Amino acid sequence: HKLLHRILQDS
Amino acid sequence: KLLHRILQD
Amino acid sequence: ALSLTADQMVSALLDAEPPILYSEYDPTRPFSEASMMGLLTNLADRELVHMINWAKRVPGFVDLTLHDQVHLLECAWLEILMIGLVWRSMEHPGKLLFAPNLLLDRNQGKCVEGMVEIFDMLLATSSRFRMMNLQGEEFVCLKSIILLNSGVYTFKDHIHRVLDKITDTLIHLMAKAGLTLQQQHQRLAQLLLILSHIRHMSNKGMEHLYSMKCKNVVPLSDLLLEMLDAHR
Amino acid sequence: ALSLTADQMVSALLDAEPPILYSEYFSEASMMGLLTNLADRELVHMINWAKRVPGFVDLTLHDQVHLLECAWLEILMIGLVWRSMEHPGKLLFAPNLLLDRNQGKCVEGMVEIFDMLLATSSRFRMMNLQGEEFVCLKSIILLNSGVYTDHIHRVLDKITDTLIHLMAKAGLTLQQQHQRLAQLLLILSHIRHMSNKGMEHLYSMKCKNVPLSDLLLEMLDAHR
Ligand SMILES: C[C@]12CC[C@@H]3c4ccc(O)cc4CC[C@H]3[C@@H]1CC[C@@H]2O
Ligand SMILES: C[C@]12CC[C@@H]3c4ccc(O)cc4CC[C@H]3[C@@H]1CC[C@@H]2O
Ligand SMILES: [Cl-]
């Protein structure tokens, strides 16, 4: 996936 | 020192 | 999201505003094209992380699928960086306040190939906001609109509902500030028309950044590479 | 400065708060890199915050420099401890760098500093420290820590008045106000201790030679 996709899930 | 400048700018 | 009053929309958006960050500007040395692009992209990268967390606090944004969130941010990120810059720069005529320790005039923009024309457009936008006396409450509304609108025809009725809510909110702020009914729709039009210019500037800036990368001027973070790559 | 109301003092301090910054998204050289990069970036925001602590820009430039050099790690630490209050067992260095106690072990001699920080965090949690009290404490640290190396002591008295005002407003009895005031100021002693220990740890890291910023280097240097 795109880095963003994961980063978006970090709180 | 550097710090000396931050405080002014 | 659709339940928020106008004042609660404004308050949420004000509460969510990201901080103003500092650059790593080193005043011991004169600028080169590479060092200036390094500063600007280092700054952009750190601002992006705050933007992403801001986005999650914009009403209705976290309702969206992760794919749609990714899409909107990929479409809007440079528009959002730019409108922030232009807002920051409003009370500094002739200069761009990239950060409190990085204030630049168009002449300094000249050390980067193809940059000065983008600086000039950013400056003129800043003057336009100044001459309109743009308010902070208006500014946060515009930035939210950019987020939800810029990618919506490249993807929803839910987003359009929220966009309509932000419109109500803009009119509410103007009425509350004592503008006549006519003045309200005139100013609404004026603000939204500026978004077209910000889109245009973003497209120029994206083509510019891509050329810098394609000439190995600066290394870009994986995040920045992927943002850039989303646009081709 | 000394003319403001307690509520105006609190408002001013709250408004002056620096932002929470992010890390990058481990070895000893890697974690120390993240920690020191974060610290150096926070330092720049701290210097802005300081200029908005009532009475601080009234001081000469020499005195301003001195207080910051004395106080900066104490201020970073109380900041971290506050951020970490609602995360028992962890230090919230940044929203994307939340480190448990065991990750302290990656870096030689750090788990002890981690333990002291966690204990302070745990202490604040039990006291139910309020944000308005926290910003008072942070201001006290700035103005008090270098003050032995009259206007400053007047401003310090004002902040004490402000702390007492908050406790009065919260419904604490006289006896409870004085006890809580005492409890909070005694913690600052522990924070000074942690800063001393953290300063020696940082110096030895400089000696082993993770790169340190120029700013971070001179802050370090002033503690000789
Ligand atoms: C993207 C560019 C570098 C990053 C710049 C930046 C960096 C940070 C920021 O807050 C705003 C902007 C807008 C202008 C951007 C520039 C336009 C072209 C250049 O490559
Ligand atoms: C200074 C150290 C690295 C930076 C650390 C830091 C870094 C950032 C921050 O916000 C707070 C702290 C407190 C603990 C500090 C550490 C104590 C020892 C270590 O060298
Ligand atoms: Cl930062």
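Sequence positions for chain D are given in Swiss-Prot numbering; the residues included correspond to 307-331, 337-460, 473-532, 534-548, in order.
Method of determination (from the header): X-ray crystallography, 2.1 Å.
Placement of Cβ uses the backbone N, Cα and C atoms for every residue, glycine included.
What Swiss-Prot says about this protein:
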type: BINDING; residues: D:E353, D:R394, D:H524; note: 17beta-estradiol binding site
type: LIPID; residues: D:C447; note: S-palmitoyl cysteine
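Annotation: residues between D:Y331 and D:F337 (5 in total) lack coordinates; Cα distance 12 Å. Of the recorded residues, D:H524 (17beta-estradiol binding site) and D:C447 (S-palmitoyl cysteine) place their C-alpha atoms 28 Å from one another. Listed recorded positions: D:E353, D:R394, D:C447, D:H524. Those with a CB under 8 Å from a CB in chain A: none. Residues near D:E353 (17beta-estradiol binding site) in space but far in sequence (CB under 8 A, at least 6 apart, same chain), listed by position: D:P324, D:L327, D:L387, D:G390. In the deposited coordinates, D:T460 and D:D473 are the last and first modelled residues around 12 missing ones; Cα to Cα they measure 14 Å. Cα of D:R394 (17beta-estradiol binding site) to Cα of the residue listed as 'S-palmitoyl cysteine': a span of 16 Å. The maximum pairwise C-alpha distance among D:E353, D:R394, D:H524, the residues recorded as binding 17beta-estradiol, is 22 Å.
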